[PDB]
Each structure stands twice: as structure tokens, then as C-alpha cells.
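Presented below is the structure to which this report refers.
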Amino acid sequence: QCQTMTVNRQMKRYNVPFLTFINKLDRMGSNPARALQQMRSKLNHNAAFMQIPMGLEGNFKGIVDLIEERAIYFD
Amino acid sequence: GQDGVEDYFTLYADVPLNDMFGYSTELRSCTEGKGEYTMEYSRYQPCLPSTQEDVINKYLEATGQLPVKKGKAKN
Amino acid sequence: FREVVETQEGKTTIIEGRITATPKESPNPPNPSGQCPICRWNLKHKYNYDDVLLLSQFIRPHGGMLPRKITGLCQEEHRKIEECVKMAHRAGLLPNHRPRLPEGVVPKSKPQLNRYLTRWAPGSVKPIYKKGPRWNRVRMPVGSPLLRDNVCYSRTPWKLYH
Amino acid sequence: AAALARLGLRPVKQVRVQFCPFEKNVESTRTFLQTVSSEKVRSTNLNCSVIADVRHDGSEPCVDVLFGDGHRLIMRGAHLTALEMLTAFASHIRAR
Amino acid sequence: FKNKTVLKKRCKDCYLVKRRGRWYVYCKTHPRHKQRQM
Amino acid sequence: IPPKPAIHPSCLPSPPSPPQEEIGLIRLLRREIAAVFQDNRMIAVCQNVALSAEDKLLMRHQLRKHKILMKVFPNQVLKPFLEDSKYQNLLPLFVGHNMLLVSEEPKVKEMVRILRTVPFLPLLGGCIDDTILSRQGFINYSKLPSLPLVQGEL
Amino acid sequence: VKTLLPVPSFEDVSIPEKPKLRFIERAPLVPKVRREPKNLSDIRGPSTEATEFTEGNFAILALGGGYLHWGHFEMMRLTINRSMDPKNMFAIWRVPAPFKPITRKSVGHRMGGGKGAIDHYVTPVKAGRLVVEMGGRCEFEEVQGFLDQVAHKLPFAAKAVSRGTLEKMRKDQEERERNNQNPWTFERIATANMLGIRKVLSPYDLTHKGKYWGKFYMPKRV
Amino acid sequence: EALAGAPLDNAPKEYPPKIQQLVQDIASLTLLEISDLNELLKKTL
Amino acid sequence: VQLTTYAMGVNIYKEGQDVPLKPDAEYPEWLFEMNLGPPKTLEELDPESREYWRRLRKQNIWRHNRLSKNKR
Amino acid sequence: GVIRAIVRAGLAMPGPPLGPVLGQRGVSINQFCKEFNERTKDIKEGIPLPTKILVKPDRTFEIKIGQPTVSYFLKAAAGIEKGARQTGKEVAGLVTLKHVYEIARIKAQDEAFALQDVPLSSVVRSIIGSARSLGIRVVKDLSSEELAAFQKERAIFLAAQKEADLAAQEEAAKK
RNA sequence: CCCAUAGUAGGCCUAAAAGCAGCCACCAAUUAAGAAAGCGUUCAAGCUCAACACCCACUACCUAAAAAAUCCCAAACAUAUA
Ligand SMILES: [Mg+2]
Ligand SMILES: [Zn+2]
Ligand SMILES: [Zn+2]
């Protein structure tokens with residue numbers, strides 16, 4: 001949105017590396033692919049993928065790292 | 001007039017200061033965040049008769065509020 | 001006449017168009033100089049709403065009607081048949097001319113209230129509670145305004161508002 | 001024939017018409033081909049195409065259509081009009 | 001709906017209908033043109 | 001009290017309507033039709049496609065590049081000319097929207113090869129020097145050899 | 001194909017100076033010091049003067065009696081000036097300025113003490129009198145439209161007619177009045193005094209022939 | 001005088017009679033008339 | 001500030017020498033048979049020409065446009 | 001579909017008209033302007049010409065270069081830079097038949113005339129009608145006649161422009 | 001019931017008004033369409049209508065109704081002959 005675009009402009013004009021984290025994944029409106037496509041097209045960033053969900057809305061249980069091929073089962 | 005760049009445009013406006021009470025709020029609400037504006041002093045122009053009557057009534061209420069208005073509203 | 005025939009065989013719908021037979025007019029008209037089917041048989045202002053045979057020759061088996069370019073009626077005669085056919089489906093006449101429906105005739109709500117000379121729809125008119133004073137009383141309409149030029153035998157005009 | 005354009009014509013694969021010029025019962029298929037090859041109904045999708053086959057000794061105005069579900073619909077307009085086959089094709093392409 | 005004695009079409013998509021004893025002017029493009037016969 | 005007639009006017013046979021006098025537009029149409037039918041020998045009636053004017057001018061420019069023309073006429077002014085003259089066997093081919101081609105000298109190969117690029121441009125046929133033919137007739141006539149060798153083979 | 005009729009050429013109708021309507025004032029240039037009574041015979045019956053046309057071909061035909069004050073004239077002239085073409089249309093007033101005085105007393109006063117003071121002024125208008133006349137180089141649809149628009153606003157009944165329309169309406173009126181089935185005409189009974197009807201009628205009905213009553217006009221009385 | 005019935009070529013069953021008459025007229029001789037035909041054909045072309 | 005103002009300084013001879021102007025002999029004769037000032041009416045064209053019917057059609061279109069101004 | 005746009009050759013800055021429409025369409029604007037500039041650099045005069053573009057569903061635009069307008073050619077042949085507000089009572093200039101004939105024979109190679117069987121009579125009638133609707137006037141072929149016509153028209157048009165500017169200043173002063 | 005390309009951003013203060021802010025003339029091409037007949041437009045896009053192409057029902061008797069306080073009031077029948 002607007003504030004995200006302004007913070008992105010500042011961080012890109014002063015060159016600050018960062019990583020994206022997605023929060024609140026326990027509602028009936030989870031879609032990381034749409035947000036990633038927005039970051040690709042609407043902004044001037046690069047594509048990436050580090051975690052895979054196993055169920056949304058009311059089925060969030062854990063995440064994967066897809067770097068060591070070993071998911072995490074939070075308890 | 002109106003300018004413009006690659007992504008958006010740049011409007012050249014000419015609005016008096018009397019009609020600048022809550023222009024930022026509606027300008028933002030009608031632009032979805034990514035809209036800004038700058039204001040600077042220009043010149044002077046003749047006043048509209050509605051605002052003329054408004055400022056006349058205001059000066060009358062400030063000086064003596066009992067020539068007709070509140071003089072008849074109370075008696 | 002013409003009908004449509006659709007058949008299913010091997011996921012291939014075969015929609016055909018077979019033309020069947022149909023009767024024609026009698027080869028002896030009383031008034032061949034007439035321009036309308038009603039006028040050629042001297043039925044000008046001689047029919048009523050009880051004639052189920054005359055009304056069944058200008059309508060559709062599913063309750064519809066036919067235009068003027070197909071039948072042959074004029075402007076004032078086509079409206080009389082259109083009004084008389086509406087007075088028949090409400091009075092229980094023409095039981096075979098009911099509209100097609102899947103399975104909606106399950107809950108029989110209001111019972112078969114017998115009626116005749118019905119001009120307007122039942123479930124639409126408003127009940128008259130005031131009825132006016134006396135001189136300007138609001139009477140209930142009956143009959144049809146286009147059926148006033150018919151032949152009478154009672155030495156009195158057709159009272160449509162009483 | 002704007003209903004066919006407002007509905008849609010994407011799942012269809014290939015359609016074609018066959019009739020004879022010298023016959024007197026080929027106006028229905030002719031106006032059907034004219035309406036199906038308009039501007040909106042043709043520009044609403046680019047993954048389909050039509051075939052205009054004209055024969056002399058055909059003696060039959062058959063129109064065979066089929067969509068992406070592997071089905072097949074052939075309608076011979078020997079006695080049917082244009083609106084009938086139009087609404088039939090519309091219902092068949094909307095229901096499936 | 002608005003009570004109007006003399007009904008008329010305010011644009012193009014307005015179509016006249018006869019329902020429940022009154023003439024109504026329905027419109028899908030401009031819903032502001034809904035009129036009711038009194 | 002209005003006068004009540006004994007016979008209603010809608011029941012008696014109405015007198016015939018007076019025939020209107022023919023205007024000059026239809027006269028000029030028939031004249032130019034006869035003109036283009038006497039001088040030109042090759043015509044091809046094809047169903048007019050209800051396409052956009054952009055592709056229409058595109059195909060017009062593609063046709064006229066080979067030194068040919070195009071002109072159509074309404075059926076109301078064409079059916080009498082087709083039923084009173086010698087082309088009495090072409091009246092069932094003008095019952096709807098169609099386009100007539102006026103091209104001087106026989107050049108059926110190039111026009112067929114340039115119209116077959118679109119699979120939505122059918123044609124009912126036409127006459128080739130007082131010889132009525134169809135679409136398949138045209139596509140098998142375009143494969144005939146050159147005129148000089150056919151003239152000299154005898 | 002369809003025929004193409006030639007459009008009616010407008011070359012014999014030249015627009016004069018001042019195509020818009022003139023200004024109508026309230027009181028005249030000289031006030032009337034003598035108070036006149038409210039003579040009701042100036043609007044009862046058919047009109048005598050200002051009946052036929054003069055310059056234009058379109059005019060509003062009145063079908064009833066009534067009075068028009070300054071506000072009505074102002075509304076009419078404003079509507080004409082705002083709904084016309086100054087380069088193609090022009091109108092000329094047919095009724096004179098209002099001059100009939102009307103005396104009004106004070107609000108909440110006893111009955112007596114003579115007549116009141118003169119306030120406004122009106123003008124008498126009978127039935128069949130042309131209110132305003134407008135011509136130009138236009139046709140018949142638009143002028144009839146914006147003339148009926150004003151005629152519907154008038155107190156009395158009025159319609160927008162022309163020359164051919166007035167001729168046709170007079171022709172059908174005389175056709176209906178000369179082809180009567182029942183042989184009992186109102187004029188024959190009123191003039192010959194049948195069944196002693198002259199006791200409840202009026203001497204003015206001999207010339208009106210039952211076509212007028214007070215100020216209205218029934219065109220279906222025959 | 002109108003035109004012909006407009007046949008087709010996909011089903012060879014009928015042929016114009018004038019061609020048959022011309023062929024029957026020109027195909028019933030030896031070689032002198034063939035030489036005369038060649039002479040009258042090469043006179044122009 | 002941008003504007004297409006390329007008015008060449010033509011006096012009395014710069015309009016025939018700057019461009020390859022051809023004399024009147026090389027130009028065909030049928031190029032001067034066109035109209036000049038006023039256009040063409042209806043009583044100047046014979047009823048056996050397309051121009052008269054086109055003018056009549058244009059007049060009919062103008063009449064229809066002037067008529068359909070108040071109706072909806 | 002297609003988008004009608006008439007911009008200047010050597011002056012095609014990304015924004016005015018050709019901006020919001022190109023942004024909402026889904027195609028680029030800077031690349032289009034750069035391509036138009038590199039295509040129009042061949043013109044050594046910067047003549048404004050119309051542009052017919054087409055966009056395909058896969059987001060890709062094409063440019064088809066045609067012939068310029070007629071008003072610019074008429075103003076260049078007459079010599080005046082701005083048109084007049086009246087016709088007949090205030091003529092802007094005079095143009096001989098040779099100039100309009102050359103303009104027609106040069107323009108009769110665009111995508112609108114080369115794809116239609118149109119002769120020279122039709123195009124010269126069209127350009128004569130356009131000149132009459134503009135504010136100028138045509139004439140047979142007047143050598144010395146058009147020379148004297150220009151000699152007097154320079155002065156009368158200078159006087160007309162002076163009086164029009166004076167009237168405009170008066171109307172601007174009455175404010 | 002269907003149907004719409006182009007000479008152009010026709011001429012001008014306002015930055016421009018490109019078919020709806022004002023002036024006299026309101027041109028002109030193929031069959032056929034108005035330098036604009038009705039909505040949404042600072043300047044452009046979106047929709048119809050008149051005009052071809054196409055069939056071709058009436059394509060329209062013009063407009064003329066209303067709700068106060070104890071509770072609305074006799075009932076009924078369009079069809080055995082003035
Ligand atoms: Mg447009
Ligand atoms: Zn609406
Ligand atoms: Zn009859």
C-alpha cells in the first residue's frame with residue numbers, strides 16, 4: 001500500500017537488506033501467492049520462497065524450511 | 001495545467017485558501033494513499049458574493065450582533 | 001404443425017425438426033368476402049366466453065396464444081379473444097391447457113374456489129373497506145368492456161358494475 | 001444475437017456449417033453462420049475457429065458443434081428456424 | 001421507488017412493467033430511476 | 001350521437017392501395033446493375049460477413065491490389081432484374097446478407113488463394129462466362145492450365 | 001429501400017427585429033383613480049377580437065375564461081425567452097397589457113366602509129382567443145411542445161394549435177354538428193322555447209347554443 | 001431465354017449436347033480434314 | 001512550451017520554387033472540373049445521378065435531426 | 001483493440017493524454033514513446049502525424065506509421081500559422097489548385113486511401129471541401145494573380161490580426 | 001427485431017475544451033452515418049438514434065384516479081324477448 005511503498009522507497013534509496021515475514025495466518029483470507037505476485041509486479045523486488053503452509057483458515061499447524069527438507073511441528 | 005511522470009501524473013491547480021479546510025482528507029480518501037500535494041502563496045482575486053455575505057455577517061456578529069439577526073431572533 | 005425432437009445416443013444430442021400434419025378450414029365459408037376468420041363465419045358479436053371450442057383454436061396447448069399475423073384477426077377482434085381466454089383459465093375451463101412445471105404442484109394451498117366472469121386476477125385486487133357513501137359507491141367490476149356490442153335478448157344493457 | 005456474446009464462447013472447440021446454395025431451406029443456417037461469425041462473439045475468444053463448408057449435392061443443412069468436454073452436438077436445420085437453434089446452442093453451452 | 005402520477009423513462013435502460021395493479025419503472029443500469037404509480 | 005354504420009369498415013374488403021410511383025434511385029440502381037452485368041463477365045456472390053470495418057477495408061485493399069473492384073446491391077432492386085432477365089437460376093442465392101464481386105477478366109486463382117486465408121468467408125458460387133458454378137466448381141476450375149496451351153492443344 | 005421526400009424549404013419567412021418578447025409591467029403609465037366593478041361579462045362567451053392569425057403560423061388557443069396578472073405574463077415571457085431560438089423563432093404578444101383594476105380590503109376587516117384599494121391589474125381573456133402567437137422557420141413538433149408546456153401551466157384550458165390544425169378541428173367540429181342522429185338540438189329547443197325550458201335557462205344561451213357555462217367551454221356539446 | 005440448370009462436376013452424369021455434336025461432327029474422317037483443320041487453326045494463331 | 005509552428009517565410013515565389021512545381025501543361029485537364037466556392041443544391045443536379053440522391057438523403061437526415069430534439 | 005491518438009513526432013513526452021489510458025490498458029508507455037521517437041527521427045521537420053496502435057491480449061503494442069494531417073499542410077501552403085474564427089467574412093489566406101493537388105497526391109498513399117479504389121477527383125474534391133471548411137479559398141491556377149493576391153493578403157491579414165488582437169485585449173480588459 | 005469506418009485535435013481567449021461555451025458559411029470518400037438527435041466527459045475513452053446493407057403486425061384510441069378523528073353500510077343478479 002502507501003506506507004509500505006514509502007518505507008520501501010526509503011530502504012531502497014539507503015540500501016538496507018531485509019527479509020519478508022507474513023503474520024496472521026489463522027483467518028479466512030490467507031494467500032501468500034497473491035502477496036508474492038504483488039511484490040513481483042507492483043513493486044521492483046525479486047521472487048523468493050522459504051516456507052510452505054499445511055492448512056489455512058483453521059488448519060495452521062506448522063511450516064517448512066525447504067532448505068534442509070525438514071518441516072517443523074510446533075507444540 | 002497538468003504535468004506527469006512515468007507512473008502517475010502531476011496536477012497544476014489554483015484554489016483559494018478559504019476552500020482549504022479539509023482538502024487533505026478528501027484528497028487522500030480519493031487517491032488510496034499514493035497521493036500528495038504542495039501548497040504555496042500565489043496572488044489575490046475578487047471574492048465570491050456568497051463568501052462576501054458570509055464575512056459581512058461574521059463581521060456584523062463580531063462588532064454588534066443586534067441590528068437585525070439576533071435582534072429579531074430574541075425579540 | 002412443427003415440433004422439436006431431441007434424442008441422446010452416445011453423448012451426441014440429435015435435435016431433429018419434423019413437420020407434422022394439421023387440419024384446414026372448411027371448403028364452404030358462409031361469407032367468403034370477409035377479411036377476418038370470425039367475420040367469415042358470421043360470428044361478429046355472436047360469441048361469448050363459454051365457447052371453449054372457439055377459444056381453443058387460437059391459443060397454445062401450454063396456455064399461450066397466437067399473434068395476429070398467424071391467425072388473421074384485426075385489432076379489435078384479437079383483444080376480445082385475449083380477454084375471453086383469461087376468463088376461462090380462472091373459471092376452471094380448459095383443464096388440458098395448464099403450463100408445464102417440474103414438481104411445484106405439491107402443496108395445495110387455497111382450495112378450488114369456484115368463480116366465473118373473472119375480469120381481474122384474484123390475488124392482486126384490494127378489499128374495499130369503505131365502499132364510499134351511497135351515490136359514489138365503488139362497485140365491483142365484472143364481464144369485459146369489449147363485450148358490450150354483442151347481441152342481447154333481455155331488453156337491457158349488460159350491467160358490468162354492480 | 002447479442003445473448004451469445006454476453007454469455008460466452010470460450011469452452012467451445014470447433015464449429016462448422018454445411019448447406020447447399022440452390023436450396024430454398026438454407027436461409028436459417030445462413031443467418032446462423034452470419035450471427036455466429038460477428039464481432040463480439042468472435043473477439044470474446046481467440047482459442048476457437050469456424051469452418052465454412054459449402055457443397056452442392058449435400059441436400060442437408062446440418063450444423064455440428066462440440067466443446068471442450070469431449071461431447072458433440074449436431075443440429076440439422078431442415079425445418080428449424082434461426083432463433084430456435086440459437087437458443088438451443090446457448091442453453092447447451094451454458095448448461096455444460 | 002418514488003410516487004409519480006405521470007410515468008416516463010429517464011434514460012434508456014428503463015423498461016415499463018405492469019405488476020400488482022401498478023405500473024413500475026424498473027432499471028438495472030441507473031437504479032435511481034425507480035418510479036411507483038400512486 | 002355518432003352515425004352507426006350497418007357494415008363495419010374493418011369487415012368489408014378494403015379497396016386496393018394506390019401503387020406508388022417509382023423513384024429515380026431504383027432506376028439508377030437497375031441501370032448500373034445492367035451496366036456492370038453487360039460489360040463484366042465474372043461475378044461471385046458471397047455471404048457478407050458482419051465484421052468490423054477495419055478488416056473490411058483491409059480485405060478491400062487486399063482485393064483491389066490485384067486490379068479488381070467490388071459493388072453490392074440490395075435484394076429489393078436485384079430480384080426483379082434477376083427474375084425478368086436471363087439469370088433466372090440465381091434467385092434462391094439472394095435471400096439474405098451477401099456481397100457481390102465485380103472483377104474484370106478471369107483471375108479466379110489469386111482471389112481464391114487470398115480469400116481462403118480466413119475460414120469464415122464462404123461463397124455461394126457464380127457464373128463463369130454464362131456457366132453457373134459453385135464453390136467447389138471454382139476451386140476445381142482454378143486448377144485448369146494456362147489459356148494459350150489449352151487453345152493450342154487442338 | 002424507402003423514399004426520400006424533399007424537406008420544406010423556409011425562404012419566404014424573414015425574422016424581424018427583436019425576436020424575443022417585450023417586457024410587461026404591472027400598473028400602467030397612469031393609475032385609474034376611479035374604481036371599476038368586477039364585470040364578469042368580459043370572460044363569459046366566445047371571443048370577438050384576436051381570433052385568427054396575423055403574422056406567425058402557431059398560436060395557443062384558449063378553451064376557457066380567466067384572468068392573467070403580472071406574474072403570469074412574467075412567467076410566460078421568461079419561458080418563451082429561455083425555450084426558443086432567437087435566430088429562427090420569434091413571437092408577438094396577442095393580448096394587451098393588464099388594465100382591469102381589482103379592489104382588495106384589509107385582512108380581518110368587517111363588512112362595510114365602501115370598497116378597498118386597488119392592488120394589482122388583470123386582463124380579460126375569453127374562450128377561443130389566441131394568447132400568444134409565434135412564427136419563424138421551424139416545423140411543428142418543437143413549437144407545439146414548448147407551447148403546450150406553457151399552456152398546461154395556464155389556469156384555464158389551452159392547447160397549442162396552428163393553421164392546418166385549427167382548420168382540421170373546425171372541419172371535424174362542423175362535421176359532427178351537421179351529422180347529428182337525434183333530431184333534438186339544444187339550439188332548436190332554446191330558441192323555440194320547448195317544454196317551458198326558458199324558465200331555468202339564460203338569455204345568453206341563445207347565442208352560446210349550450211357550448212358555454214360561466215367560463216368553461218365543452219367542445220363535445222354540439 | 002434464360003440459362004442452364006447449373007450442374008456440378010463431382011458427379012459426372014450429364015454433359016452439354018453442343019460439345020457432343022461438335023465432337024461427332026469433327027471425329028469422323030481420315031487425315032485430309034485433320035490437315036485442313038490444322039491449316040485453318042495455324043492461319044490465325 | 002511546445003507548439004507546431006513551422007510557418008515558412010513564403011513571399012511571392014517561395015511557394016513554387018521550394019517544391020517541385022509542375023506547369024499547367026503536364027497537369028491533366030479534368031482536374032479543374034471541380035467545384036469552387038458555393039456547393040451544389042438540388043435543382044442543379046439531374047435526378048439520374050448519385051449526387052442528387054445523396055444530397056436528398058443528407059437533407060432528410062438533417063430534417064430528422066432537427067425533428068428529433070424533444071422526444072426521448 | 002485499437003486506440004486513436006495524434007501526437008507530435010519529435011515531441012512525445014510520457015504523460016498528457018497518452019498517459020492514464022496507457023496505464024490502465026496494461027502496456028508500457030516509456031518504451032512506446034521511445035519507439036515512436038526512434039521511428040519519427042527520420043522526419044527532418046517534426047510534422048505531427050496520427051498514430052494507429054493495436055494491443056493484443058498478451059500485452060504487446062505495435063506502431064503503424066501513416067501520413068500526417070491536412071490542416072498542417074494547408075497552413076504550411078497558405079503561410080498562416082493560426083486559423084480564423086470566421087469563413088467568408090474573414091479569409092485566412094488563398095491556396096492555388098497546384099498546392100492542394102500536390103498535397104492530395106502525396107497523401108493518397110496512407111492506409112485509408114491506398115486500400116480503396118479512390119481516384120484523384122475524389123481526393124481533390126475532399127481537399128477542396130477541407131480547405132473551404134478551414135477558412136481559406138481555392139482558385140484555378142493563378143500565377144501573377146496569386147502573386148498579387150498574396151501581396152494584398154499579407155497587408156489585409158496583418159491588419160485583421162492587429163484589430164482582432166485589439167478586440168481581444170478590450171474584451172480581456174472588460175473583465 | 002440489426003447497427004455504425006475515415007480527411008482531423010474543421011477555425012479561435014481560457015493550458016486545452018477533440019460531437020454538447022459562442023459565431024455567417026455548418027464541407028467532404030466508398031453502398032452509408034449529423035463538423036453532431038438523447039446519458040456519463042478540465043483537455044481523451046464509454047452507449048444508443050437517424051443513413052446503407054437486412055426483413056419488413058398494430059409502431060401507439062394525447063393528457064383526464066388521493067387520503068382525518070364512535071363503525072364501512074341494506075342485500076343481490078353482465079345471458080326467457082319494451
Ligand atoms: Mg465517438
Ligand atoms: Zn434508469
Ligand atoms: Zn373483421
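Chain labels A, B, ... are given in the sequence in which chains occur in the C-alpha cells; within each chain residues are numbered consecutively from 1, and ligands are likewise numbered from 1 in the order shown.
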
Just list as a VMD selection string whatever in segment 1-213 of chain G DSSP marks as alpha helix (DSSP H). chain G and resid 70 to 82 141 to 151 163 to 178 186 to 192 205 to 208

Residues near residue 28 of chain D, cut-off 6 Å, only C-alpha atoms (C1' of nucleotides), skip fewer than 3 positions along chain, as a PyMOL selection string: chain D and resi 31+81-82

Let's have the selection written as a short mmCIF file (atom, residue, chain, number, x, y, z; two decimals), in the first residue's frame, with N, CA, C and O atoms.
data_model
loop_
_atom_site.label_atom_id
_atom_site.label_comp_id
_atom_site.auth_asym_id
_atom_site.auth_seq_id
_atom_site.Cartn_x
_atom_site.Cartn_y
_atom_site.Cartn_z
N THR D 31 -28.21 -17.44 -41.90
CA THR D 31 -28.23 -16.39 -40.89
C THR D 31 -27.62 -16.86 -39.57
O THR D 31 -27.08 -16.04 -38.82
N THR D 81 -35.97 -22.90 -37.33
CA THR D 81 -35.67 -21.52 -37.64
C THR D 81 -34.31 -21.15 -37.04
O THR D 81 -33.55 -22.01 -36.60
N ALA D 82 -34.00 -19.85 -37.02
CA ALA D 82 -32.71 -19.40 -36.51
C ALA D 82 -32.74 -19.20 -35.00
O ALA D 82 -31.79 -19.58 -34.30
#

Quick check: residues of chain F within 7 Å of chain H, only C-alpha atoms, returned as a ChimeraX atom specification. /F:86-89,132-133,137

Let's have the selection written as a PDB file, in the first residue's frame, with N, CA and C atoms.
ATOM      1  N   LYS F  86     -32.076 -13.116 -67.944  1.00  0.00           N
ATOM      2  CA  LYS F  86     -31.673 -14.490 -68.204  1.00  0.00           C
ATOM      3  C   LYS F  86     -31.152 -15.208 -66.966  1.00  0.00           C
ATOM      4  N   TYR F  87     -30.778 -14.472 -65.920  1.00  0.00           N
ATOM      5  CA  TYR F  87     -30.249 -15.085 -64.709  1.00  0.00           C
ATOM      6  C   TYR F  87     -31.374 -15.521 -63.779  1.00  0.00           C
ATOM      7  N   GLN F  88     -32.314 -16.311 -64.300  1.00  0.00           N
ATOM      8  CA  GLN F  88     -33.442 -16.783 -63.508  1.00  0.00           C
ATOM      9  C   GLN F  88     -33.077 -17.932 -62.576  1.00  0.00           C
ATOM     10  N   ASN F  89     -31.907 -18.542 -62.751  1.00  0.00           N
ATOM     11  CA  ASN F  89     -31.469 -19.649 -61.912  1.00  0.00           C
ATOM     12  C   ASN F  89     -30.594 -19.196 -60.749  1.00  0.00           C
ATOM     13  N   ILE F 132     -22.920 -21.164 -64.845  1.00  0.00           N
ATOM     14  CA  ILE F 132     -23.085 -21.061 -63.401  1.00  0.00           C
ATOM     15  C   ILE F 132     -22.315 -22.180 -62.715  1.00  0.00           C
ATOM     16  N   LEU F 133     -21.598 -21.831 -61.648  1.00  0.00           N
ATOM     17  CA  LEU F 133     -20.789 -22.788 -60.907  1.00  0.00           C
ATOM     18  C   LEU F 133     -20.901 -22.482 -59.419  1.00  0.00           C
ATOM     19  N   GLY F 137     -16.859 -25.918 -57.604  1.00  0.00           N
ATOM     20  CA  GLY F 137     -16.638 -25.665 -59.017  1.00  0.00           C
ATOM     21  C   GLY F 137     -15.529 -24.660 -59.254  1.00  0.00           C
TER      22      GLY F 137
END

Given 8 Å and only C-alpha atoms (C1' of nucleotides) and all ligand atoms, residues near ligand 3 as an MDAnalysis selection string: (chainID C and resid 34:39 44 73:74 77) or (chainID F and resid 8 10:12)

May I ask you to write as an NGL selection string all residues lying at most 10 Å from ligand 2, with only C-alpha atoms (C1' of nucleotides) and all ligand atoms counted? (:E and (9-15 or 25-35)) or (:K and (39))

Export, as a PDB file, in the first residue's frame, the selected residues with C-alpha atoms (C1' of nucleotides).
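out_8.pdb, freshly written:
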ATOM      1  CA  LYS E   9     -38.365   6.921 -18.978  1.00  0.00           C
ATOM      2  CA  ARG E  10     -35.459   8.948 -17.593  1.00  0.00           C
ATOM      3  CA  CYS E  11     -32.780   7.243 -19.720  1.00  0.00           C
ATOM      4  CA  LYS E  12     -32.555   4.153 -21.946  1.00  0.00           C
ATOM      5  CA  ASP E  13     -32.399   1.007 -19.787  1.00  0.00           C
ATOM      6  CA  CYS E  14     -35.723   1.882 -18.120  1.00  0.00           C
ATOM      7  CA  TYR E  15     -38.399  -0.663 -19.060  1.00  0.00           C
ATOM      8  CA  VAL E  25     -40.405   1.677 -13.955  1.00  0.00           C
ATOM      9  CA  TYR E  26     -37.524  -0.720 -13.302  1.00  0.00           C
ATOM     10  CA  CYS E  27     -33.948  -0.078 -14.407  1.00  0.00           C
ATOM     11  CA  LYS E  28     -30.738  -2.057 -13.899  1.00  0.00           C
ATOM     12  CA  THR E  29     -28.180   0.467 -15.181  1.00  0.00           C
ATOM     13  CA  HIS E  30     -29.424   3.510 -13.234  1.00  0.00           C
ATOM     14  CA  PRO E  31     -31.350   2.322 -10.137  1.00  0.00           C
ATOM     15  CA  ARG E  32     -32.215   5.958  -9.325  1.00  0.00           C
ATOM     16  CA  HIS E  33     -34.992   5.910 -11.960  1.00  0.00           C
ATOM     17  CA  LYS E  34     -37.308   3.606  -9.978  1.00  0.00           C
ATOM     18  CA  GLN E  35     -40.817   5.091 -10.022  1.00  0.00           C
TER      19      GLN E  35
ATOM     20  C1'   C K  39     -26.762   9.992 -20.703  1.00  0.00           C
TER      21        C K  39
END

Write out as a PyMOL selection string which residues come within 10 Å of residue 34 of chain K when counting only C-alpha atoms (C1' of nucleotides), dropping same-chain ones fewer than 5 positions away. (chain I and resi 58+61-62+64-65) or (chain K and resi 19+50-51)

Write the selection just made, keeping C-alpha atoms (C1' of nucleotides), as a PDB file, in the first residue's frame?
ATOM      1  CA  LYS I  58     -28.400  14.429 -46.385  1.00  0.00           C
ATOM      2  CA  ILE I  61     -31.021  13.308 -42.263  1.00  0.00           C
ATOM      3  CA  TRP I  62     -30.845  16.996 -41.329  1.00  0.00           C
ATOM      4  CA  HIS I  64     -34.815  14.076 -38.955  1.00  0.00           C
ATOM      5  CA  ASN I  65     -32.143  15.543 -36.672  1.00  0.00           C
TER       6      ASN I  65
ATOM      7  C1'   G K  19     -19.647  15.977 -31.308  1.00  0.00           C
ATOM      8  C1'   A K  50     -31.219   8.937 -37.753  1.00  0.00           C
ATOM      9  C1'   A K  51     -28.366   6.779 -43.059  1.00  0.00           C
TER      10        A K  51
END

Just want the residues within 12 Å of ligand 1, written as a ChimeraX atom specification, counting only C-alpha atoms (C1' of nucleotides) and all ligand atoms. /J:3-4 /K:4-5,18-19,36,41,44-48

Neighbours of chain D in chain C at 6 Å, counting only C-alpha atoms, as number ranges by chain: C: 11-13, 15, 17

Residue selection dump (N, CA, C and O atoms) as a PDB file, in the first residue's frame:
ATOM      1  N   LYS C  11     -23.612 -39.749 -26.156  1.00  0.00           N
ATOM      2  CA  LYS C  11     -23.151 -38.387 -25.882  1.00  0.00           C
ATOM      3  C   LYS C  11     -23.248 -37.497 -27.120  1.00  0.00           C
ATOM      4  O   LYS C  11     -22.441 -36.584 -27.312  1.00  0.00           O
ATOM      5  N   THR C  12     -24.236 -37.761 -27.974  1.00  0.00           N
ATOM      6  CA  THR C  12     -24.468 -36.984 -29.191  1.00  0.00           C
ATOM      7  C   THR C  12     -25.950 -36.626 -29.242  1.00  0.00           C
ATOM      8  O   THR C  12     -26.777 -37.442 -29.662  1.00  0.00           O
ATOM      9  N   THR C  13     -26.282 -35.412 -28.813  1.00  0.00           N
ATOM     10  CA  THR C  13     -27.670 -34.962 -28.821  1.00  0.00           C
ATOM     11  C   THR C  13     -28.126 -34.721 -30.255  1.00  0.00           C
ATOM     12  O   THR C  13     -27.552 -33.892 -30.968  1.00  0.00           O
ATOM     13  N   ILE C  15     -30.889 -33.267 -32.328  1.00  0.00           N
ATOM     14  CA  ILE C  15     -32.034 -32.365 -32.333  1.00  0.00           C
ATOM     15  C   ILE C  15     -32.601 -32.347 -33.747  1.00  0.00           C
ATOM     16  O   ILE C  15     -31.977 -31.815 -34.671  1.00  0.00           O
ATOM     17  N   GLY C  17     -36.064 -31.855 -36.559  1.00  0.00           N
ATOM     18  CA  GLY C  17     -37.133 -30.916 -36.839  1.00  0.00           C
ATOM     19  C   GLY C  17     -38.170 -31.484 -37.785  1.00  0.00           C
ATOM     20  O   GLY C  17     -38.163 -31.180 -38.982  1.00  0.00           O
TER      21      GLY C  17
END
